[PDB]
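Chemist: Structure provided below as structure tokens; questions to follow.
Virtual Cβ from ideal backbone geometry, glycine too; neighbours counted across all protein chains shown. None of the figures in this text is laboratory data; all of them are computed from the coordinates on show.
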2 protein chains.
Amino acid sequence: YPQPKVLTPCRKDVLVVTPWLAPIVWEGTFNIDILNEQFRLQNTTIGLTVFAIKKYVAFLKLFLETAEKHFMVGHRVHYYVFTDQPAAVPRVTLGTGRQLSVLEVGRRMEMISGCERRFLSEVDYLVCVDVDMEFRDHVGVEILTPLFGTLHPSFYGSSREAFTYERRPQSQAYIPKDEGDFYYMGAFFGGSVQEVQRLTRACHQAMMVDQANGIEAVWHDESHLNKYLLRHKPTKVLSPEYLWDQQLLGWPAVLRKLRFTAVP
Amino acid sequence: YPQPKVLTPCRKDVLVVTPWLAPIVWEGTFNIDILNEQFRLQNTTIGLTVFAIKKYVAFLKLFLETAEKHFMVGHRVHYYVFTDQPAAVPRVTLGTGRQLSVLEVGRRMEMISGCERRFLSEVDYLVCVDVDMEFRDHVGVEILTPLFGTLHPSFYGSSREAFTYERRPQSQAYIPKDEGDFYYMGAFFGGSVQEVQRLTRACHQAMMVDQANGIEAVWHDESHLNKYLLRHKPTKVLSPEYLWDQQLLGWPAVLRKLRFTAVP
Ligand SMILES: O=c1ccn([C@@H]2O[C@H](COP(=O)(O)OP(=O)(O)O)[C@@H](O)[C@H]2O)c(=O)[nH]1
Ligand SMILES: O=c1ccn([C@@H]2O[C@H](COP(=O)(O)OP(=O)(O)O)[C@@H](O)[C@H]2O)c(=O)[nH]1
Ligand SMILES: OC[C@H]1O[C@@H](O)[C@H](O)[C@@H](O)[C@H]1O
Ligand SMILES: OC[C@H]1O[C@@H](O)[C@H](O)[C@@H](O)[C@H]1O
């Protein structure tokens, strides 16, 4: 493969590492051939969780079809579809080493943390995404790490005081005006099974505390996710390539690939 | 602390992450206040190993004095001094939480891997350096990770075919002319106790295989270190700030700090 050269950076236009030395994942920062080999040597299995409740079942077909084309191809994958309509889950043909389970539900942080023993035995990593999305380009093992969050596409150019963090100190999700690294979106986070269960257990415990206190955070689980990732910093951060809306935000030059996008 | 901004990189002049998404540690890439807190929450202990055999005992005083000023200050540190002259080890006054053991020896990879149970109980990380050096600036927890190597200061601007890897396929250290990421120096490597014992055990086993075969690698343990770190890629790479010789190479602009340097 091409020899990396220490005096020529590959991307000079964007921050590629956080101040706590976590990679920020942009096209041009990674050689996928190297990463794929490292992960295949461990026989890595990746869990992908998706909720499709009520009308949101309609999003599953495209979601799964497109995951088959772009998500962890070559690796073992277990889709977990949480739904109130198990008969509405479309039958999508999967690649080898890939499987899907339908979990019937009667919330997300709760539901993710007691499927607890199940995830620990079956997968190495867990990835938690919104269903009303499609994959348009490669989303692979470059994202895998103990704990990651994703930069919210509306706020990646913003200063922290503009971040729509929870601001009432009454709320467990509270983050002061002069604190904060990034604004992460709740639509795409993950990590090791152990780290995702810690995060979701913490968010769940914090939401219950707010509830028993008569307050709900301004952006609900996304508020608590941001407070967690402030105090427990992610080991990788995904760039907005991994969570975008072309309709609302177009295709700027700084995004070489649009990998996982909102469905119009 | 200052808010990192995703569209303004802190260093645009150098590569700050490897193609396998390991940070390359340069001044300006890390907020030490954040790192120090993360490491202190774990009560981290760092082991530092140094060989001082024959005339090399003369280097210890400056080495230790300067480590006290610059190496992991605020953290727990255990110096391990391997020497054939235990009475020649200077008595240097240490900061709180810091200790030194003198290990008498009658090689390095061997000696590091059977002090094996001893390191596993006493430290979390191990750092292995040459003694004829001095610390001139901060060398701290930014370097800590499962496995790291350091860019050789003579070869960081070089193409791979110029790297003085072992080139005879007769040798276990053999690396083909079209392979290779970097040229790491043997003078400064480390990692978790488990990873450093794996590396040193592998290098030791590989050296014995070459010996039983009548061949010694061109640069001896540094050759085997480079072959190991090719096949087991480091989780961080230290920039030349961490291993320099001002006499031979000066002080280029791209080095904002000269942290650990050869003694003239
Ligand atoms: O009626 C609903 C509401 C929410 N969701 C799940 O939770 C996510 C977020 O819901 P919301 O509509 O508030 O956010 P959106 O996805 O529209 O940005 C959805 O993607 C689904 O994955 C669902 O399945 N059914
Ligand atoms: O007589 C010796 C030779 C080597 N060394 C140890 O192994 C390192 C490398 O030895 P060499 O002189 O070959 O390399 P140098 O340090 O001069 O670059 C030294 O720093 C010491 O830490 C030693 O202690 N005594
Ligand atoms: O400010 C936070 C909000 O930003 C909106 O753009 C987004 O649609 C919401 O889901 C939430 O993330
Ligand atoms: O080419 C490899 C060699 O480079 C020299 O500059 C150095 O003094 C040696 O210790 C060895 O690392």
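Chemist: Roughly how far apart, in whole Å, are the Cα centres of the range A:231-249 and the range B:117-155?
Modeler: If you average the Cα positions of each part, the centres end up 33 Å apart.
Chemist: If you don't mind, there's one more thing I want to ask. Taking beta carbons within 10 Å but only from partner chains, what does the mean come to for residues B:18-28?
Modeler: Taking all residues of B:18-28 together, the mean is 6.
Chemist: How much mean residue ellipticity at 222 nm does chain B get from its helices, if each DSSP H run of length 4 or more adds -39500 (n - 2.57) and you divide by all residues, to the nearest 500 deg cm²/dmol?
Modeler: So the calculated ellipticity at 222 nm is -7500 deg cm²/dmol.
Chemist: Taking amide hydrogens as modeled 1.01 Å from N in the peptide plane, which residues meet the under 5 Å criterion relative to A:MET133, leaving out close sequence neighbours?
Modeler: Here A:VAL263 satisfy the definition.
Chemist: Once phi is turned into ³J(HN,Hα) by the Karplus curve 6.51 cos²θ - 1.76 cosθ + 1.60 with θ = phi - 60°, what whole-Hz value does each residue of the range A:72-89 show in order, with x for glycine and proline?
Modeler: With the stated coefficients, the range A:72-89 comes to 6, 5, x, 10, 6, 9, 10, 7, 10, 9, 8, 8, 8, 10, x, 5, 7, 5 Hz.
Chemist: List the residues, sorted by chain then number, that are 5 or more residues from B:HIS152 or on another chain and whose placed amide H is less than 5 Å from its amide H.
Modeler: Here the answer is B:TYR183, B:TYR184, B:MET185, since their amide H atoms fall under 5 Å of that of B:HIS152.
Chemist: Starting at the first residue of the range A:171-184, write each ³J(HN,Hα) from the Karplus equation 6.51 cos²θ - 1.76 cosθ + 1.60 with θ = phi - 60°, in whole Hz, x for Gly and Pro.
Modeler: Each residue of the range A:171-184 in turn: 9, 3, 7, 4, 10, x, 5, 9, 10, x, 8, 9, 10, 8 Hz.
Chemist: Put a label point 7 Å from Cα along the Cβ direction on A:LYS69, then list its distances to the equivalent points in the other copies in nm, shortest first.
Modeler: The answer, with the shortest distance listed first, is 6.2 nm.
Chemist: Name the nearest-to-axis residue of chain A, judged by Cβ distance to the rotation axis taking chain A onto chain B, and quote that distance in whole Å.
Modeler: Closest Cβ on chain A to the axis mapping it onto B, in Å: A:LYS12, 2.
Chemist: For the protein assembly as shown, what is Rg from Cα atoms divided by 2.2 N^0.38 Å, rounded to two decimals?
Modeler: Relative to the 2.2 N^0.38 Å estimate, the protein assembly as shown comes out at 1.05.
Chemist: I need two numbers for chain B: Rg to one decimal and Dmax as a whole number, Cα atoms only, in Å.
Modeler: Radius of gyration, then largest Cα-Cα span, for chain B: 18.2, 57 Å.
Chemist: Something else about it: Could you please rank A:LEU255, A:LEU103, placing first whichever residue has the fewest other Cβ atoms within 10 Å of its Cβ? Write out the running numbers ahead of the final one.
Modeler: Values: A:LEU255 19, A:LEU103 14.
With the sparsest Cβ surroundings first, the list reads A:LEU103, A:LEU255.
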